$ cat work_38.cif   # mmCIF, C-alpha atoms; chains and numbers go by the auth columns
data_final
loop_
_atom_site.group_PDB
_atom_site.id
_atom_site.type_symbol
_atom_site.label_atom_id
_atom_site.label_comp_id
_atom_site.label_asym_id
_atom_site.label_seq_id
_atom_site.Cartn_x
_atom_site.Cartn_y
_atom_site.Cartn_z
_atom_site.B_iso_or_equiv
_atom_site.auth_seq_id
_atom_site.auth_asym_id
ATOM 1 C CA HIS A 1 20.578 14.034 9.399 0.00 10 P
ATOM 2 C CA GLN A 2 19.062 14.955 6.048 0.00 11 P
ATOM 3 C CA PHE A 3 19.123 11.388 4.729 0.00 12 P
ATOM 4 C CA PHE A 4 17.483 10.271 7.976 0.00 13 P
ATOM 5 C CA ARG A 5 14.758 12.891 7.557 0.00 14 P
ATOM 6 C CA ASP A 6 14.162 11.849 3.944 0.00 15 P
ATOM 7 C CA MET A 7 13.991 8.201 5.035 0.00 16 P
ATOM 8 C CA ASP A 8 11.439 9.116 7.697 0.00 17 P
ATOM 9 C CA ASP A 9 9.293 11.048 5.212 0.00 18 P
ATOM 10 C CA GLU A 10 9.656 8.029 2.929 0.00 19 P
ATOM 11 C CA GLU A 11 8.501 5.503 5.526 0.00 20 P
ATOM 12 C CA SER A 12 5.641 7.947 6.014 0.00 21 P
ATOM 13 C CA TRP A 13 4.802 7.748 2.293 0.00 22 P
ATOM 14 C CA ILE A 14 4.676 3.965 2.658 0.00 23 P
ATOM 15 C CA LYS A 15 2.024 4.285 5.371 0.00 24 P
ATOM 16 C CA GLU A 16 0.173 6.851 3.260 0.00 25 P
ATOM 17 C CA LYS A 17 0.427 4.484 0.304 0.00 26 P
ATOM 18 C CA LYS A 18 -1.126 1.579 2.213 0.00 27 P
ATOM 19 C CA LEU A 19 -3.848 3.987 3.364 0.00 28 P
ATOM 20 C CA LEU A 20 -4.767 4.785 -0.248 0.00 29 P
ATOM 21 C CA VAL A 21 -5.239 1.086 -0.963 0.00 30 P
ATOM 22 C CA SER A 22 -7.571 0.975 2.036 0.00 31 P
ATOM 23 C CA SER A 23 -9.503 3.997 0.736 0.00 32 P
ATOM 24 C CA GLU A 24 -10.100 2.796 -2.842 0.00 33 P
ATOM 25 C CA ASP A 25 -12.306 -0.103 -1.677 0.00 34 P
ATOM 26 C CA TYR A 26 -15.471 1.301 -0.088 0.00 35 P
ATOM 27 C CA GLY A 27 -18.129 1.650 -2.773 0.00 36 P
ATOM 28 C CA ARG A 28 -21.135 -0.637 -2.279 0.00 37 P
ATOM 29 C CA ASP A 29 -20.559 -4.396 -1.885 0.00 38 P
ATOM 30 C CA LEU A 30 -21.992 -5.030 -5.370 0.00 39 P
ATOM 31 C CA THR A 31 -19.009 -3.130 -6.816 0.00 40 P
ATOM 32 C CA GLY A 32 -16.600 -3.925 -3.992 0.00 41 P
ATOM 33 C CA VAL A 33 -15.716 -7.120 -5.846 0.00 42 P
ATOM 34 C CA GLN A 34 -14.804 -5.254 -9.038 0.00 43 P
ATOM 35 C CA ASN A 35 -13.139 -2.677 -6.789 0.00 44 P
ATOM 36 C CA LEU A 36 -10.742 -5.249 -5.347 0.00 45 P
ATOM 37 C CA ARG A 37 -9.859 -6.526 -8.817 0.00 46 P
ATOM 38 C CA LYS A 38 -9.349 -2.959 -10.065 0.00 47 P
ATOM 39 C CA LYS A 39 -7.265 -2.169 -6.987 0.00 48 P
ATOM 40 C CA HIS A 40 -4.960 -5.115 -7.656 0.00 49 P
ATOM 41 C CA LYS A 41 -4.230 -3.912 -11.198 0.00 50 P
ATOM 42 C CA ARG A 42 -3.410 -0.447 -9.868 0.00 51 P
ATOM 43 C CA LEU A 43 -1.352 -2.085 -7.125 0.00 52 P
ATOM 44 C CA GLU A 44 0.952 -3.821 -9.600 0.00 53 P
ATOM 45 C CA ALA A 45 1.560 -0.577 -11.491 0.00 54 P
ATOM 46 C CA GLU A 46 2.052 1.227 -8.186 0.00 55 P
ATOM 47 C CA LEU A 47 4.589 -1.331 -6.950 0.00 56 P
ATOM 48 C CA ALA A 48 6.623 -0.716 -10.101 0.00 57 P
ATOM 49 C CA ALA A 49 7.170 2.880 -8.970 0.00 58 P
ATOM 50 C CA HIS A 50 7.453 1.972 -5.274 0.00 59 P
ATOM 51 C CA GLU A 51 10.368 -0.378 -5.967 0.00 60 P
ATOM 52 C CA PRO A 52 12.805 2.254 -7.351 0.00 61 P
ATOM 53 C CA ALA A 53 11.620 4.736 -4.724 0.00 62 P
ATOM 54 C CA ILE A 54 12.451 2.537 -1.731 0.00 63 P
ATOM 55 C CA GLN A 55 15.619 1.204 -3.373 0.00 64 P
ATOM 56 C CA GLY A 56 16.800 4.764 -3.943 0.00 65 P
ATOM 57 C CA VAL A 57 17.031 5.341 -0.203 0.00 66 P
ATOM 58 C CA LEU A 58 18.673 1.944 0.290 0.00 67 P
ATOM 59 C CA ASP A 59 21.412 2.829 -2.201 0.00 68 P
ATOM 60 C CA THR A 60 21.936 6.211 -0.534 0.00 69 P
ATOM 61 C CA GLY A 61 22.320 4.493 2.831 0.00 70 P
ATOM 62 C CA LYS A 62 24.978 2.192 1.399 0.00 71 P
ATOM 63 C CA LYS A 63 26.866 5.331 0.381 0.00 72 P
ATOM 64 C CA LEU A 64 26.557 6.842 3.859 0.00 73 P
ATOM 65 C CA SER A 65 28.212 3.665 5.132 0.00 74 P
ATOM 66 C CA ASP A 66 31.276 4.081 2.923 0.00 75 P
ATOM 67 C CA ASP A 67 31.289 7.774 3.888 0.00 76 P
ATOM 68 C CA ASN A 68 30.844 7.205 7.645 0.00 77 P
ATOM 69 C CA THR A 69 29.601 3.757 8.752 0.00 78 P
ATOM 70 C CA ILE A 70 30.022 4.602 12.447 0.00 79 P
ATOM 71 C CA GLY A 71 26.514 5.866 13.081 0.00 80 P
ATOM 72 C CA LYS A 72 24.663 5.171 9.848 0.00 81 P
ATOM 73 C CA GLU A 73 24.509 1.550 11.063 0.00 82 P
ATOM 74 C CA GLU A 74 21.679 2.648 13.381 0.00 83 P
ATOM 75 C CA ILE A 75 19.756 4.133 10.460 0.00 84 P
ATOM 76 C CA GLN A 76 20.119 0.844 8.583 0.00 85 P
ATOM 77 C CA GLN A 77 18.212 -0.852 11.414 0.00 86 P
ATOM 78 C CA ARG A 78 15.414 1.710 11.066 0.00 87 P
ATOM 79 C CA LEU A 79 15.467 1.292 7.288 0.00 88 P
ATOM 80 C CA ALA A 80 15.135 -2.442 7.943 0.00 89 P
ATOM 81 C CA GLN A 81 11.562 -1.630 8.984 0.00 90 P
ATOM 82 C CA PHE A 82 10.937 0.044 5.620 0.00 91 P
ATOM 83 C CA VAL A 83 11.914 -3.095 3.736 0.00 92 P
ATOM 84 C CA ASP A 84 9.861 -5.250 6.101 0.00 93 P
ATOM 85 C CA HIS A 85 6.811 -3.069 5.489 0.00 94 P
ATOM 86 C CA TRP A 86 7.220 -3.264 1.729 0.00 95 P
ATOM 87 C CA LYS A 87 7.730 -7.015 2.040 0.00 96 P
ATOM 88 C CA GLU A 88 4.329 -7.408 3.706 0.00 97 P
ATOM 89 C CA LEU A 89 2.746 -5.168 1.077 0.00 98 P
ATOM 90 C CA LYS A 90 4.208 -7.337 -1.685 0.00 99 P
ATOM 91 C CA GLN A 91 2.919 -10.526 -0.063 0.00 100 P
ATOM 92 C CA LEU A 92 -0.560 -9.004 0.264 0.00 101 P
ATOM 93 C CA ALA A 93 -0.567 -7.902 -3.380 0.00 102 P
ATOM 94 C CA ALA A 94 0.488 -11.388 -4.484 0.00 103 P
ATOM 95 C CA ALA A 95 -2.310 -13.002 -2.486 0.00 104 P
ATOM 96 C CA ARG A 96 -4.848 -10.592 -3.976 0.00 105 P
ATOM 97 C CA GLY A 97 -3.705 -11.442 -7.495 0.00 106 P
ATOM 98 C CA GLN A 98 -4.081 -15.166 -6.839 0.00 107 P
#

$ encode --input "work_38.cif" --output "structure tokens"
Amino acid sequence: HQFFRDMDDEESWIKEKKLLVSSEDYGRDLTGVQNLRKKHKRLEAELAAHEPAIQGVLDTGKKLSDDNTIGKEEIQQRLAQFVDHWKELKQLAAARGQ
């Protein structure tokens, strides 16, 4: 139950993370351009820390499996969303860079 909770709070953080990216943009068109470029740079750094964070949960889940399996499987499905979300985020970041 705890791991699940943590995962949930984590997924939440992901949403909150994306929100930040959406916040650090508004600031007069004239600067908006430089704002996007600056955002990208911060995005790369961010991602560096977001990788280990998300992975951490993933690893934990793997453990749960070996410790239970019957049940945790459902959580994996939910966690699948987490990865998917991050995946999209990565793609977006890549596009921005290019």

$ residues_around --input "work_38.cif" --residues "region 80-86 of chain P" --least-positions-apart "4" --cutoff "8 Å" --atoms "all atoms listed in the file" --output "PDB file with C-alpha atoms, in the coordinates of the input"
ATOM      1  CA  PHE P  13      17.483  10.271   7.976  1.00  0.00           C
ATOM      2  CA  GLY P  70      22.320   4.493   2.831  1.00  0.00           C
ATOM      3  CA  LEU P  73      26.557   6.842   3.859  1.00  0.00           C
ATOM      4  CA  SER P  74      28.212   3.665   5.132  1.00  0.00           C
ATOM      5  CA  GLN P  90      11.562  -1.630   8.984  1.00  0.00           C
TER       6      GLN P  90
END

$ atom_distance --input "work_38.cif" --atom1 "CA of residue 16 (chain P)" --atom2 "CA of residue 29 (chain P)"
19.8 Å

$ closest_residue --input "work_38.cif" --among "P:39, P:45, P:23, P:58" --to "residue 98 (chain P)" --atoms "all atoms listed in the file"
P:23

$ residues_around --input "work_38.cif" --residues "residue 22 (chain P)" --least-positions-apart "6" --cutoff "12 Å" --atoms "all atoms listed in the file" --output "ChimeraX atom specification"
/P:15-16,28-29,59,62-63,91,94-95

$ axis_aligned_box --input "work_38.cif" --around "region 95-104 of chain P" --padding-each-side "8 Å" --output "JSON"
{"center_x": 2.7, "center_y": -8.1, "center_z": -0.4, "size_x": 26.0, "size_y": 25.7, "size_z": 24.2}

$ residues_around --input "work_38.cif" --residues "residue 52 (chain P)" --least-positions-apart "6" --cutoff "10 Å" --atoms "all atoms listed in the file" --output "list in words"
residues 30, 46, 59, 98, 99, 102, 103, 105 and 106 of chain P

$ atom_distance --input "work_38.cif" --atom1 "CA of residue 97 (chain P)" --atom2 "CA of residue 49 (chain P)"
14.9 Å

$ closest_residue --input "work_38.cif" --among "P:72, P:14, P:96, P:26" --to "residue 55 (chain P)" --atoms "only C-alpha atoms"
P:26

$ closest_residue --input "work_38.cif" --among "P:53, P:88, P:75, P:64" --to "residue 100 (chain P)" --atoms "all atoms listed in the file"
P:53

$ atom_distance --input "work_38.cif" --atom1 "CA of residue 54 (chain P)" --atom2 "CA of residue 101 (chain P)"
14.6 Å

$ closest_residue --input "work_38.cif" --among "P:25, P:60, P:32, P:11" --to "residue 92 (chain P)" --atoms "only C-alpha atoms"
P:60

$ build_atoms --input "work_38.cif" --residues "region 62-93 of chain P" --atoms "N, CA and C atoms" --output "PDB file, keeping the file's coordinate frame"
ATOM      1  N   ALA P  62      11.705   3.746  -5.792  1.00  0.00           N
ATOM      2  CA  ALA P  62      11.620   4.736  -4.724  1.00  0.00           C
ATOM      3  C   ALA P  62      12.314   4.247  -3.456  1.00  0.00           C
ATOM      4  N   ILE P  63      11.871   3.100  -2.946  1.00  0.00           N
ATOM      5  CA  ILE P  63      12.451   2.537  -1.731  1.00  0.00           C
ATOM      6  C   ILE P  63      13.927   2.203  -1.936  1.00  0.00           C
ATOM      7  N   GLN P  64      14.240   1.569  -3.062  1.00  0.00           N
ATOM      8  CA  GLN P  64      15.619   1.204  -3.373  1.00  0.00           C
ATOM      9  C   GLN P  64      16.519   2.436  -3.339  1.00  0.00           C
ATOM     10  N   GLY P  65      16.035   3.532  -3.922  1.00  0.00           N
ATOM     11  CA  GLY P  65      16.800   4.764  -3.943  1.00  0.00           C
ATOM     12  C   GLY P  65      17.391   5.084  -2.588  1.00  0.00           C
ATOM     13  N   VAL P  66      16.553   5.062  -1.552  1.00  0.00           N
ATOM     14  CA  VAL P  66      17.031   5.341  -0.203  1.00  0.00           C
ATOM     15  C   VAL P  66      18.077   4.308   0.203  1.00  0.00           C
ATOM     16  N   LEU P  67      17.760   3.038  -0.036  1.00  0.00           N
ATOM     17  CA  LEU P  67      18.673   1.944   0.290  1.00  0.00           C
ATOM     18  C   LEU P  67      20.067   2.224  -0.266  1.00  0.00           C
ATOM     19  N   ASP P  68      20.136   2.534  -1.558  1.00  0.00           N
ATOM     20  CA  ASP P  68      21.412   2.829  -2.201  1.00  0.00           C
ATOM     21  C   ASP P  68      22.113   3.972  -1.476  1.00  0.00           C
ATOM     22  N   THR P  69      21.379   5.058  -1.235  1.00  0.00           N
ATOM     23  CA  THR P  69      21.936   6.211  -0.534  1.00  0.00           C
ATOM     24  C   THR P  69      22.558   5.772   0.789  1.00  0.00           C
ATOM     25  N   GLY P  70      21.812   4.980   1.560  1.00  0.00           N
ATOM     26  CA  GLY P  70      22.320   4.493   2.831  1.00  0.00           C
ATOM     27  C   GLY P  70      23.652   3.789   2.664  1.00  0.00           C
ATOM     28  N   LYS P  71      23.741   2.915   1.664  1.00  0.00           N
ATOM     29  CA  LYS P  71      24.978   2.192   1.399  1.00  0.00           C
ATOM     30  C   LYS P  71      26.128   3.186   1.267  1.00  0.00           C
ATOM     31  N   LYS P  72      25.865   4.288   0.563  1.00  0.00           N
ATOM     32  CA  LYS P  72      26.866   5.331   0.381  1.00  0.00           C
ATOM     33  C   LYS P  72      27.288   5.878   1.738  1.00  0.00           C
ATOM     34  N   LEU P  73      26.300   6.316   2.521  1.00  0.00           N
ATOM     35  CA  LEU P  73      26.557   6.842   3.859  1.00  0.00           C
ATOM     36  C   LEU P  73      27.554   5.949   4.589  1.00  0.00           C
ATOM     37  N   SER P  74      27.337   4.641   4.492  1.00  0.00           N
ATOM     38  CA  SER P  74      28.212   3.665   5.132  1.00  0.00           C
ATOM     39  C   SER P  74      29.663   3.905   4.736  1.00  0.00           C
ATOM     40  N   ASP P  75      29.926   3.874   3.437  1.00  0.00           N
ATOM     41  CA  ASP P  75      31.276   4.081   2.923  1.00  0.00           C
ATOM     42  C   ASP P  75      31.813   5.459   3.308  1.00  0.00           C
ATOM     43  N   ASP P  76      30.905   6.405   3.537  1.00  0.00           N
ATOM     44  CA  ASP P  76      31.289   7.774   3.888  1.00  0.00           C
ATOM     45  C   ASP P  76      31.364   7.993   5.401  1.00  0.00           C
ATOM     46  N   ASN P  77      30.833   7.056   6.188  1.00  0.00           N
ATOM     47  CA  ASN P  77      30.844   7.205   7.645  1.00  0.00           C
ATOM     48  C   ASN P  77      30.822   5.857   8.368  1.00  0.00           C
ATOM     49  N   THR P  78      29.780   5.065   8.110  1.00  0.00           N
ATOM     50  CA  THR P  78      29.601   3.757   8.752  1.00  0.00           C
ATOM     51  C   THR P  78      29.241   3.930  10.228  1.00  0.00           C
ATOM     52  N   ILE P  79      30.219   4.380  11.017  1.00  0.00           N
ATOM     53  CA  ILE P  79      30.022   4.602  12.447  1.00  0.00           C
ATOM     54  C   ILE P  79      28.883   5.589  12.682  1.00  0.00           C
ATOM     55  N   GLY P  80      27.689   5.048  12.867  1.00  0.00           N
ATOM     56  CA  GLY P  80      26.514   5.866  13.081  1.00  0.00           C
ATOM     57  C   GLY P  80      25.396   5.444  12.159  1.00  0.00           C
ATOM     58  N   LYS P  81      25.643   5.560  10.855  1.00  0.00           N
ATOM     59  CA  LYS P  81      24.663   5.171   9.848  1.00  0.00           C
ATOM     60  C   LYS P  81      24.102   3.774  10.141  1.00  0.00           C
ATOM     61  N   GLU P  82      24.933   2.905  10.718  1.00  0.00           N
ATOM     62  CA  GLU P  82      24.509   1.550  11.063  1.00  0.00           C
ATOM     63  C   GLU P  82      23.146   1.563  11.762  1.00  0.00           C
ATOM     64  N   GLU P  83      22.945   2.529  12.659  1.00  0.00           N
ATOM     65  CA  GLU P  83      21.679   2.648  13.381  1.00  0.00           C
ATOM     66  C   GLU P  83      20.532   2.913  12.412  1.00  0.00           C
ATOM     67  N   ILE P  84      20.767   3.802  11.453  1.00  0.00           N
ATOM     68  CA  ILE P  84      19.756   4.133  10.460  1.00  0.00           C
ATOM     69  C   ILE P  84      19.371   2.885   9.678  1.00  0.00           C
ATOM     70  N   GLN P  85      20.371   2.083   9.315  1.00  0.00           N
ATOM     71  CA  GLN P  85      20.119   0.844   8.583  1.00  0.00           C
ATOM     72  C   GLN P  85      19.036   0.038   9.296  1.00  0.00           C
ATOM     73  N   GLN P  86      19.190  -0.120  10.612  1.00  0.00           N
ATOM     74  CA  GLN P  86      18.212  -0.852  11.414  1.00  0.00           C
ATOM     75  C   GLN P  86      16.815  -0.285  11.178  1.00  0.00           C
ATOM     76  N   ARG P  87      16.693   1.038  11.287  1.00  0.00           N
ATOM     77  CA  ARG P  87      15.414   1.710  11.066  1.00  0.00           C
ATOM     78  C   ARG P  87      14.911   1.418   9.655  1.00  0.00           C
ATOM     79  N   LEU P  88      15.805   1.556   8.679  1.00  0.00           N
ATOM     80  CA  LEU P  88      15.467   1.292   7.288  1.00  0.00           C
ATOM     81  C   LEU P  88      15.001  -0.153   7.129  1.00  0.00           C
ATOM     82  N   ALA P  89      15.518  -1.037   7.982  1.00  0.00           N
ATOM     83  CA  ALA P  89      15.135  -2.442   7.943  1.00  0.00           C
ATOM     84  C   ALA P  89      13.620  -2.568   8.059  1.00  0.00           C
ATOM     85  N   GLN P  90      13.013  -1.645   8.808  1.00  0.00           N
ATOM     86  CA  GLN P  90      11.562  -1.630   8.984  1.00  0.00           C
ATOM     87  C   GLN P  90      10.892  -1.338   7.648  1.00  0.00           C
ATOM     88  N   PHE P  91      11.445  -0.362   6.931  1.00  0.00           N
ATOM     89  CA  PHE P  91      10.937   0.044   5.620  1.00  0.00           C
ATOM     90  C   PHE P  91      10.807  -1.167   4.708  1.00  0.00           C
ATOM     91  N   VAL P  92      11.903  -1.904   4.568  1.00  0.00           N
ATOM     92  CA  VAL P  92      11.914  -3.095   3.736  1.00  0.00           C
ATOM     93  C   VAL P  92      10.847  -4.073   4.208  1.00  0.00           C
ATOM     94  N   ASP P  93      10.840  -4.343   5.511  1.00  0.00           N
ATOM     95  CA  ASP P  93       9.861  -5.250   6.101  1.00  0.00           C
ATOM     96  C   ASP P  93       8.447  -4.852   5.691  1.00  0.00           C
TER      97      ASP P  93
END
